[PDB]
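Both counts, for ligands and for their atoms, begin at 1 and track the order of listing. Positions are given from 1 along the sequence. Basis for what follows: all heavy atoms, side chains included, without hydrogens, waters or symmetry-related copies.
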Amino acid sequence: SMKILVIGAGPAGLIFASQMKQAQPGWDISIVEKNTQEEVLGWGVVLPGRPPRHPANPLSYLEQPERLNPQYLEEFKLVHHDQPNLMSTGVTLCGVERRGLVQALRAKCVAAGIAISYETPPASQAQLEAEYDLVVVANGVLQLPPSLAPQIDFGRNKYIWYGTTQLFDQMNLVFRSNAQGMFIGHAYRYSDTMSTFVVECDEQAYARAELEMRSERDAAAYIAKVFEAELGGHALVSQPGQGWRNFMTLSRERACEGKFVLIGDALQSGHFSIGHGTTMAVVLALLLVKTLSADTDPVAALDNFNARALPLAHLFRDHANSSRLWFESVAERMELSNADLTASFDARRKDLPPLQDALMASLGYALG
Ligand SMILES: Cc1cc2nc3c(=O)[nH]c(=O)nc-3n(C[C@H](O)[C@H](O)[C@H](O)COP(=O)(O)OP(=O)(O)OC[C@H]3O[C@@H](n4cnc5c(N)ncnc54)[C@H](O)[C@@H]3O)c2cc1C
């Protein structure tokens with residue numbers, strides 16, 4: 001009935017393509033990827049709940065998720081002035097390698113008859129709307145209708161995504177104050193051997209530590225020294241070309257214009273300090289499939305999607321931004337007790353409508 005093009009072979013468009021073709025096996029679903037097949041950004045990611053019971057976890061859509069060596073975390077460890085504070089997590093946290101997750105999802109799509117072409121060249125907007133009935137934009141953070149234009153915001157802190165062989169058995173959140181400034185580590189094990197170790201700092205700490213001038217090797221050794229107590233001699237490794245950045249929060253005022261509809265980070269990115277990015281890609285992928293299924297008029301489904309997607313994407317943005325800003329000012333909270341800092345941390349999103357209730361409601365509609 002329909003010829004859909006998926007732009008971007010990451011979790012958003014992969015979950016969409018497979019779940020769509022599973023709901024509509026006759027449709028012609030194809031995926032194009034900008035990069036080579038081998039290039040996958042990042043190290044590990046933390047995901048909600050365990051497969052296969054938790055519908056927002058992308059592992060719940062792989063037949064044998066345990067073959068990706070996921071790690072299930074039950075504790076949260078907040079370290080302040082070297083004191084640990086150990087809490088239960090509310091939900092099991094699921095760490096998994098980002099590469100294995102992406103490639104298993106791609107393999108799932110290929111086995112369903114969904115072609116994925118790599119290193120694709122850019123196509124006119126005109127070329128695509130002649131060539132296709134719907135263009136699912138899922139290229140993460142190109143030519144699109146003017147009303148889909150993005151609002152971009154750069155966070156104040158600088159961050160870098162490290163990997164390390166230090167094993168962080170709990171979800172770790174580490175605060176370390178330097179003669180140079182305030183450094184924050186987000187760390188958690190995702191495999192038998194590897195942990196994610198995301199470091200953000202103050203723009204003044206970035207300047208006083210001279211991080212822009214140092215070599216990558218020098219900067220990593222300095223940060224590993226800062227977190228000496230957490231890393232125990234293990235170094236820090238970044239991916240080629242993935243240095244220090246300001247987090248880019250991309251928002252949009254409409255989810256779809258014409259035959260272009262957006263999902264994933266391309267529709268809304270949000271700071272990683274709430275760990276919801278891949279969760280949102282799944283939830284909104286599953287949302288799009290349900291609108292494209294429930295009603296038979298495409299345009300009428302897209303207007304159903306845009307009125308359902310956008311409140312959800314913006315509540316996500318509000319929660320991530322509330323968390324991001326707290327981490328941008330946390331230097332002023334450093335004299336607090338561990339207990340007082342933890343209470344501050346737990347309340348940083350409390351003024352908003354609960355995100356989790358909104359996500360469960362949307363999943364209830366997209367899955368019945
Ligand atoms: C430091 C950091 C830590 C994070 N930690 C977590 C975490 O713990 N848990 C979590 O769930 N999320 C985490 N995230 C977020 C997570 O990486 C993303 O939110 C998630 O990948 C979004 O999926 P997506 O498919 O929308 O985008 P992407 O994963 O970026 O996929 C988009 C794909 O499209 C491709 N593409 C780009 N442009 C084009 C084009 N023109 N044509 C075709 N293809 C194109 C890209 O190369 C990419 O392969 C983190 C992010 C950062 C930066």
Which of the ligand 1 atoms, numbered from 1, are nearer than 4.0 Å to a heavy atom of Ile7: 40 (C), 42 (N), 43 (C)
For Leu47, the ligand 1 atoms whose distance to one of its heavy atoms is below 4.0 Å: 11 (O)
Cation-pi geometry met for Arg245 and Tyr159 (6.0 Å, 45°): no
Greater than 12 external heavy atoms within 6.0 Å of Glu212's CD: no
Single-linkage hydrophobic cluster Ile223~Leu173, side-chain heavy atoms < 4.5 angstrom: no
Side-chain heavy atoms of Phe154 within contact of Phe247, under 4.5 Å: no
Interfacing atoms of ligand 1 (cut-off 4.0 Å, heavy-atom, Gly140): 27 (O), 30 (O), 32 (C)
4.5 Å side-chain heavy-atom contact, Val282 and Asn57: no
Protein contact to atom 6 (C) of ligand 1 [nearest heavy atom, distance to 0.1 Å]: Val45 CG1, 3.6 Å
Sub-4.0 Å heavy-atom contact, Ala138 with ligand 1: yes
Ring-face cation contact, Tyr365 with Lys290, 6.0 Å cut, 45° max: yes
Neighbour count >12 (heavy atoms, 6.0 Å) for atom CD, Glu210: no
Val32 heavy atom under 4.0 Å from ligand 1: yes
Residue and atom name of the nearest protein heavy atom (relative to atom 34 (O) of ligand 1), distance in Å to one decimal: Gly8 CA, 3.2 Å
Contacting atoms of ligand 1, where contact means under 4.0 angstrom from a heavy atom of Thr278: 10 (C), 11 (O), 12 (N), 16 (C), 19 (O), 20 (C)
For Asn35, atoms of ligand 1 separated by under 4.0 Å from a heavy atom: 47 (O)
Heavy-atom pair of closest approach, residues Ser251 and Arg317: OG-CD, 3.1 Å
Ligand 1 contact on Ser269 by region, counting heavy-atom pairs under 4.0 Å: neither
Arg348 charged N/C atom sitting above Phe345 aromatic ring, 6.0 Å / 45°: yes
Heavy atom of the protein closest to atom 23 (O) of ligand 1 (residue, atom name, distance): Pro11 CD, 3.7 Å
Candidate list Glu257, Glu253, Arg252, test side chain to side chain donor-acceptor pair (under 3.5 Å), partner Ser147, passing option: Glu257
Taking atom 31 (O) of ligand 1 as the reference point, the nearest protein heavy atom with its distance: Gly10 CA, 3.6 Å
Atom 18 (C) of ligand 1: nearest protein contact (heavy atom, Å): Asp265 OD2, 3.4 Å
Best match, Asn139, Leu14, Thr279: closest heavy atom to atom 36 (N) of ligand 1: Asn139
Proximal ligand 1 atoms for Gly264, defined as those under 4.0 Å from one of its heavy atoms: 26 (O)
Proximity to ligand 1 by part of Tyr188, non-hydrogen separation under 4.0 Å: side chain
Heavy-atom check, side chain of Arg333 versus side chain of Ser329, under 4.5 Å: yes
Heavy atom of the protein closest to atom 3 (C) of ligand 1 (residue, atom name, distance): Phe272 CB, 3.5 Å
Polar atom proximity, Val198 to ligand 1 (N or O, under 3.5 Å): no
Heavy-atom nearest neighbour in the protein, as seen from atom 51 (C) of ligand 1, with distance rounded to 0.1 Å: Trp161 CZ3, 3.7 Å
Check: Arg98 N/O within less than 3.5 Å of ligand 1 N/O: yes
Closest non-hydrogen atom pair between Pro55 and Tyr61, with its separation: O-OH, 2.8 Å
Nearest-neighbour protein heavy atom for atom 48 (C) of ligand 1, which is reported as residue plus atom name and distance: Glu33 OE1, 3.6 Å
Salt bridge (charged side-chain N to carboxylate O under 4.0 Å, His left out) between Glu38 and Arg99, intermediate numbers included: CA-CA 9 Å; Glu38 191 58 11; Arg99 164 184 315 279; 3.5 Å; yes
N or O pair under 3.5 Å between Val46 and ligand 1: yes
